[PDB]
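Below is one structure, written out as structure tokens; the observations come after it.
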Amino acid sequence: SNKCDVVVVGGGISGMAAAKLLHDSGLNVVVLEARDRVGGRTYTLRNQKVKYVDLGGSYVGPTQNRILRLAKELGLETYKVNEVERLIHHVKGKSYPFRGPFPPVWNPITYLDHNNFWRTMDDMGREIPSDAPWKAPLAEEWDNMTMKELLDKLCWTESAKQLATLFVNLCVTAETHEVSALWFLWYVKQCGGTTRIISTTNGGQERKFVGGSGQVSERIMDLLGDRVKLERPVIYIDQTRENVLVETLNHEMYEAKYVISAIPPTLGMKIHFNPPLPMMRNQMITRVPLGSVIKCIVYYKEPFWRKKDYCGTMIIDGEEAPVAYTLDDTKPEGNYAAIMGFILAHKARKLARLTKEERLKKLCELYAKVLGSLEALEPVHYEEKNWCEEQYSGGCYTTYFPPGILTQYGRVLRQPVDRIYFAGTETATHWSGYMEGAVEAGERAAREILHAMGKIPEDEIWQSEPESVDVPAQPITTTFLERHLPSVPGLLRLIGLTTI
Amino acid sequence: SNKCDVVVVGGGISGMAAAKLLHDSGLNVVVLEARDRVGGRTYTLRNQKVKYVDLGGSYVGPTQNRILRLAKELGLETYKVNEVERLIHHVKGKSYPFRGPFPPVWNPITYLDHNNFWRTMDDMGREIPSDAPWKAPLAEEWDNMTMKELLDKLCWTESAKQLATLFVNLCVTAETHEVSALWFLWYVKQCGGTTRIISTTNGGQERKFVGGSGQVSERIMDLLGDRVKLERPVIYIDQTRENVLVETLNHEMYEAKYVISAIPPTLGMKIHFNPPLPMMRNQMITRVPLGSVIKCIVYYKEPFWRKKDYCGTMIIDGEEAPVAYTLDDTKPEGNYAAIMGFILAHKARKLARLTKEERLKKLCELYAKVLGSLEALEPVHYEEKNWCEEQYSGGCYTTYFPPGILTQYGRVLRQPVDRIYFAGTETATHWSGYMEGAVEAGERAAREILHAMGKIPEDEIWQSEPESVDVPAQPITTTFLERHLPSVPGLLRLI
Ligand SMILES: *Cc1cc2c(cc1C)nc1c(=O)[nH]c(=O)nc-1n2C[C@H](O)[C@H](O)[C@H](O)COP(=O)(O)OP(=O)(O)OC[C@H]1O[C@@H](n2cnc3c(N)ncnc32)[C@H](O)[C@@H]1O
Ligand SMILES: *Cc1cc2c(cc1C)nc1c(=O)[nH]c(=O)nc-1n2C[C@H](O)[C@H](O)[C@H](O)COP(=O)(O)OP(=O)(O)OC[C@H]1O[C@@H](n2cnc3c(N)ncnc32)[C@H](O)[C@@H]1O
Ligand SMILES: O=C(/C=C/c1ccc([N+](=O)[O-])cc1)c1cccc(C(F)(F)F)c1
Ligand SMILES: O=C(/C=C/c1ccc([N+](=O)[O-])cc1)c1cccc(C(F)(F)F)c1
């Protein structure tokens, strides 16, 4: 057996952040990675047509201070996603250009319903602890309904219900009827709320890395040298003896004091455990699927949309549209002009049937209609990735919880199992599901093991992160009217009262 | 490498039934079983205190003709679960004895609501094809709601809603909010409807095997001898070459023409595939969990409940009771007196933190209240099994489908992947979830391979089963009033 202090299972950002922290603390670490590459749900493709393109996780933004600090220490820089010109909301076959993060509504009743929907998402979120969502006062009531049921109760207009549906599909790559209401309200609150999660400027989609996000994992592999073992899928973990034994598919054995599991929770099923997992984890890892998404990038000779005063952002409502959301993916130098689009949830399953050429044609025909531009029918290049086909991811972006699961099984997600500690973005308390959460969880898991070894005290396991000086966060603010305008049922109550 | 015609992954009833059919046709089969035993979600324990006890699947009944034919060929006999005396419904802290399968109600409003609930479950089922529930006319509408939402719409009384909730929890060991309405309605319809699934006399719980259901898998292992490899968990299947390669955790390699996967669908995740699975199966096997149950058997000196004209069946409403359902588990001779109870769904997770002795005390105090007998506080022995703990089952009785999954992924469950064919009770079209469905699926998967080999024609893949002579089925009937009484909103629309 190959002997070390800590085996890290998985070479995504979480496992690589864990391994780097442990290596820097003076321990002997090994990273066992299933694939022929590091990065996991991040993947930067390089070729002469695109130069570089992120086919997995890409965007970072204000309040994501751990990924920004890690990236800066590795010599990486960010640039801003194009948001100079107007955004587009496409609804019932017509485009409506706008500014600001939320598509606006003019109809007064519809205005009250939209304002109440976003306000209520955040009001409910403030009842949910980031590190223990199952402790919310109405946790059981909220966990026993789907997001579809919650929107059916909250939304008194079809306009608000259709926009809210798109919001859920785009944030968690799942249908409203698939996901727990408690879990979704937790997910949004632990990113900083509705405004922060949906925004480009001042939110999650503000920036990208120059050269691609894959460089984070690659530059940590460069620091670790031969400690990273590629094409080593883990099949077996044995904790019955003094040292833990970790076996790989290609017949290698590793012996360690501790293990970090840095893989999505359900992919723990690919490992045979001795002794067996405790009952709650044994069942939890069969109850937590990942979402469904195809990330599609169409290349053009020029960013022609900018000449019509469109920034390249499209919010597209309708069953017929393959893509519900786009962003400008042009390089910061203004060349390799491109539109990035997501095919979400059921549409990722429905359209996986088509050829790559048939998906390109449907996307160009959609963009031509939304942008009112025949130039969208003249692409120069296309790249895509369907994350539903990945054996060692299971989907993208992240793990969703169906109704009933987070209250019954959520407490064991990051509970150690003897000498196994749990990393991965799913175990984060701030931007869980993102590259930020991967760093939070990897570093926290590594510090749990440093505490188990008596190298640090208990109060150093969870550490706050200084604010980035490069990516300052503007606060989220509301207006008097946003806070105090009545809901549609609030207005109806006021009318009933007056006429009495 | 060990060379054979077919590798069967899993030595439960489905894997054993498939291997026996292929062996009987003259093919060389190997069964690779992860555990140090056969039987899977069936397990019969023997000791002097119990003689034998089923800690997993146990009951068989009319219309389950495949498991009855297979067991009879292996030399097994059945006996009837005791249902001579009265059943008990325990409601708001009081026992109400009754006869006939459905607990009765006396309030006229509650009567219409209960009648409408059971009638509506069977009316919806008549629109769901057994072999393709995703082809129901309202498949998307029904798949996109939980059973909790359907019961909220249908049940105008708390009485009906609480009994419907117990019905879901008992049939599929899951909460009403965890499961798809389309999947649950399919599940009931594919067992023959509400009356057939809930009934002891003339339904699924009519009989048990003399000596235990574990004897089905054990006696097929006896026939196959050293073709059954115990403590061989499969870790890797490679289909890139001329022959399929199957590797085990203990470093053995098997080479075959074809493979049968006879494991619960989600336990496919414990196998690394080359090439990778197709996208829809890759995601499906992460979306299909198994239910949660503790099966508990309390032993007594005598079947003392019979002296009060109670048969030992208890249907126990409410959150406080650990056990919602019991049957008499006494042996056919009247000895080894026992009550079998299920701790269901969230209660299995809540009460697993207790000791074995703490669960025994809670069960004995519950039974003393419901049976109105101090004799229930004097157990002579106790056996239990928590199926939530099993690495190579994932739970019991079977796989449930959360909202949205059956319509999006259901078509993939029995679709072959190159030279891998899929067995397991989850792939059956009649009593899927049961030992009957295990036999149907294993024999169908085996005949798909015989057809691929050019040994039988396409029309012999799916084969009907003659009715058992020992366990004939009586027709399910309804009354004029059951068919025509209005619902509660029906009675209101008339007013
Ligand atoms: C896929 C995707 C993700 C994504 C996104 C868009 C798409 C299409 N958009 C994002 C964005 O703009 N900004 C952002 O911050 N996140 C975005 N996401 C999500 C993001 O990519 C993920 O949150 C993050 O990358 C997760 O990192 P983590 O380290 O937690 O997980 P991982 O990347 O999945 O790495 C796990 C590794 O483990 C290996 N593996 C799996 N099984 C084994 C076994 N048995 N043995 C050994 N290794 C194993 C995987 O191969 C992987 O490398
Ligand atoms: C657990 C349970 C089940 C049950 C029930 C009560 C309980 C507590 N009551 C039932 C009843 O009264 N009547 C009835 O007909 N069924 C009842 N059930 C369900 C029933 O037991 C199951 O439907 C049936 O036993 C399923 O059989 P099947 O053959 O489909 O599946 P299995 O028993 O799970 O067998 C699978 C085998 O595969 C092995 N395994 C798993 N992974 C591997 C790998 N990787 N490699 C090799 N072998 C593997 C398992 O160990 C198992 O033996
Ligand atoms: O929810 C959004 C975006 C979310 C999001 C989340 C994650 C990722 N990603 O991980 O890449 C991208 C977009 C989002 C954006 C603009 C408008 C709206 C709308 F208000 F619903 F209209 C919603
Ligand atoms: O649904 C039942 C039984 C189901 C059942 C299903 C499976 C098994 N098993 O696999 O052991 C046992 C009982 C059942 C029985 C009697 C009364 C009721 C009630 F009407 F809901 F009250 C329901």
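What is reported rests on the model, the rules as stated and the sources as named; these are not laboratory values. A quick note on method: Cβ atoms are made from the backbone with ideal geometry, for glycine too, and the neighbour counts reach across all protein chains shown.
Are there any pairs, at least 6 apart or on different chains, whose C-beta atoms fall under 6 Å, with the first in the stretch A:1-15 and on the phi > 0 side of the Ramachandran plot and the second within 16 Å of ligand 4 (Cβ to nearest atom), and if so, which?
Qualifying pairs under 6 Å: none.
Restricting to strands (runs of 3 or more DSSP E) lying wholly in the stretch B:262-375: which have 3 or more residues that are touching a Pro at 6+ places or on another chain (Cβ under 9 Å)?
Details: elements: B:272-274, B:293-299, B:310-316, B:325-328, B:338-344.
Per the criteria, B:293-299, B:310-316, B:338-344.
Please indicate, with yes or no, whether at least one residue in the stretch A:407-422 is outside any helix (DSSP H, G or I), of a type in the set (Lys, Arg) and within 10 Å of ligand 1 (Cβ to nearest atom). Break it down stepwise before answering.
Initial filter on the stretch A:407-422 (outside any helix (DSSP H, G or I)): A:413-422.
If we keep only those that are of a type in the set (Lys, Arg) too, we end up with A:414, A:419.
Now restrict to residues that are within 10 Å of ligand 1 (Cβ to nearest atom): none.
No, because not a single residue in the stretch A:407-422 is outside any helix (DSSP H, G or I), of a type in the set (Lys, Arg) and within 10 Å of ligand 1 (Cβ to nearest atom).
Scan the stretch B:28-69 residue by residue and report those that are among the aliphatic types (A, V, I, L, M) and either free of Cβ contacts under 8 Å to residues at least 40 places away in the same chain or within 14 Å of B:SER261 (Cα to Cα) (or both).
Initially, the stretch B:28-69 is screened for residues among the aliphatic types (A, V, I, L, M), giving B:29-32, B:34, B:38, B:45, B:50, B:53, B:55, B:60, B:67-68.
Matches in the stretch B:28-69: B:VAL29, B:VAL30, B:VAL31, B:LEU32, B:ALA34.
Does the stretch A:428-456 hold any residues that are in contact (Cβ under 8 Å) with a residue 40 or more places away in the chain and on the phi > 0 side of the Ramachandran plot, and which are they?
The answer is A:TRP431, A:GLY433.
Can you list residue pairs whose Cβ atoms sit under 6 Å apart, with the first residue in the stretch A:122-135 being under 20 Å from A:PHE167 (Cβ atoms) and touching a residue at least 12 places away in the same chain (Cβ under 8 Å) and the second being part of a helix (DSSP H, G or I) and of a type in the set (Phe, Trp, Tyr)? Count only pairs 6 or more apart in sequence or on different chains.
A:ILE128/A:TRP186; A:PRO133/A:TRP186
Within the stretch B:142-171, work out how many residues are within 14 Å of chain A (Cβ to nearest Cβ) and among the hydrophobic types (A, V, I, L, M, F, W, C). Step through it out loud before you land on a result.
If we filter the stretch B:142-171 for residues that are within 14 Å of chain A (Cβ to nearest Cβ), which is where we start, we get B:142-153, B:161, B:165, B:168-169.
In the following step, the residues that additionally are among the hydrophobic types (A, V, I, L, M, F, W, C) were identified as B:142, B:145, B:147, B:150-151, B:168.
Counting residues in the stretch B:142-171 that are within 14 Å of chain A (Cβ to nearest Cβ) and among the hydrophobic types (A, V, I, L, M, F, W, C) gives 6.
Condition check: assigned by CATH to the domain that holds B:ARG444 and surrounded by fewer than 21 Cβ atoms within 10 Å (Cβ to Cβ). Does B:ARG35 satisfy that?
Numbers: assigned by CATH to the domain that holds B:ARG444: yes; surrounded by fewer than 21 Cβ atoms within 10 Å (Cβ to Cβ): yes.
Judged against the criteria, B:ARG35 is a match.
Which of the numbered conditions does A:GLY211 fail, given that it passes all the others? Conditions: (1) free of Cβ contacts under 8 Å to residues at least 60 places away in the same chain; (2) surrounded by fewer than 18 Cβ atoms within 10 Å (Cβ to Cβ); (3) of a type in the set (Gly, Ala, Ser).
With respect to (1) free of Cβ contacts under 8 Å to residues at least 60 places away in the same chain; (2) surrounded by fewer than 18 Cβ atoms within 10 Å (Cβ to Cβ); (3) of a type in the set (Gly, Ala, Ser), A:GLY211 is out only on (1).
May I ask you to list pairs of residues, at least six apart or on different chains, whose Cβ atoms are under 7 Å apart, with the first in the stretch A:263-282 being more than 7 Å from chain B (Cβ to nearest Cβ) and under 28 Å from A:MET435 (Cα atoms) and the second being among the β-branched types (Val, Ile, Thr) and assigned to a loop (DSSP other than H, G, I, E, B)?
A:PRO265/A:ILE285; A:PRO265/A:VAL288; A:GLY268/A:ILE285
Restricted to the stretch A:214-243, and to residues that are without any contact (Cβ under 8 Å) to a residue 60 or more places away in the chain and outside any loop (DSSP other than H, G, I, E, B), which residue is farthest from A:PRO103 (Cα to Cα)?
The extreme case among them is A:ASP238.
Just give me the residues in the stretch B:1-19 being outside any strand (DSSP E or B) and either surrounded by 24 or more Cβ atoms within 10 Å (Cβ to Cβ) or among the small types (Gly, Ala, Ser) (or both), in sequence order. Walk me through how you get there before you give the answer.
Residues of the stretch B:1-19 that are outside any strand (DSSP E or B), as a first pass: B:1, B:4-5, B:10-19.
Across the stretch B:1-19, the qualifying residues are B:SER1, B:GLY10, B:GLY11, B:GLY12, B:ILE13, B:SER14, B:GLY15, B:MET16, B:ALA17, B:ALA18, B:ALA19.
Run down B:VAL439, B:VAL471, B:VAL412 and say which single residue is over 27 Å from B:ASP123 (Cβ atoms) and within 14 Å of chain A (Cβ to nearest Cβ).
Numbers: B:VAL439 fails: within 14 Å of chain A (Cβ to nearest Cβ); B:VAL471 fails: within 14 Å of chain A (Cβ to nearest Cβ).
On inspection, the qualifying residue turns out to be B:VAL412.
If you go through the stretch A:377-400, how many residues are out of contact with any strand residue (DSSP E or B) (no Cβ under 8 Å at 6 or more places or on another chain) and either part of a helix (DSSP H, G or I) or crowded, with 19+ Cβ neighbours inside 10 Å (or both)? Break it down into steps so the answer makes sense when it comes.
Going residue by residue through the stretch A:377-400, those that are out of contact with any strand residue (DSSP E or B) (no Cβ under 8 Å at 6 or more places or on another chain) are A:377-378, A:389-390, A:392.
With the extra rule that they be either part of a helix (DSSP H, G or I) or crowded, with 19+ Cβ neighbours inside 10 Å (or both), the set shrinks to A:377, A:389-390.
Within the stretch A:377-400, residues that are out of contact with any strand residue (DSSP E or B) (no Cβ under 8 Å at 6 or more places or on another chain) and either part of a helix (DSSP H, G or I) or crowded, with 19+ Cβ neighbours inside 10 Å (or both) number 3.
Considering A:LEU485, A:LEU406, which residue is under 21 Å from the mean Cα position of the chain (by Cα) and either under 24 Å from A:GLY26 (Cα atoms) or of a type outside the set (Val, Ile, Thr) (or both)? Even if it seems obvious, please write down each step before you answer.
Working: A:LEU485 fails: under 21 Å from the mean Cα position of the chain (by Cα).
Only one candidate qualifies: A:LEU406.
Looking at the stretch B:283-324 only, could you name the residues that are surrounded by fewer than 19 Cβ atoms within 10 Å (Cβ to Cβ) and either within 14 Å of another protein chain (Cβ to nearest Cβ) or out of contact with any helix residue (DSSP H, G or I) (no Cβ under 6 Å at 6 or more places or on another chain) (or both)? Please lay out each step first, then the result.
The first filter runs over the stretch B:283-324 and keeps only residues surrounded by fewer than 19 Cβ atoms within 10 Å (Cβ to Cβ), leaving B:299, B:301-302, B:304, B:306-309, B:317-320.
Those that are surrounded by fewer than 19 Cβ atoms within 10 Å (Cβ to Cβ) and either within 14 Å of another protein chain (Cβ to nearest Cβ) or out of contact with any helix residue (DSSP H, G or I) (no Cβ under 6 Å at 6 or more places or on another chain) (or both): B:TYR299, B:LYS301, B:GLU302, B:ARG306, B:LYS307, B:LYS308, B:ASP309, B:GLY318, B:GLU319, B:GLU320.
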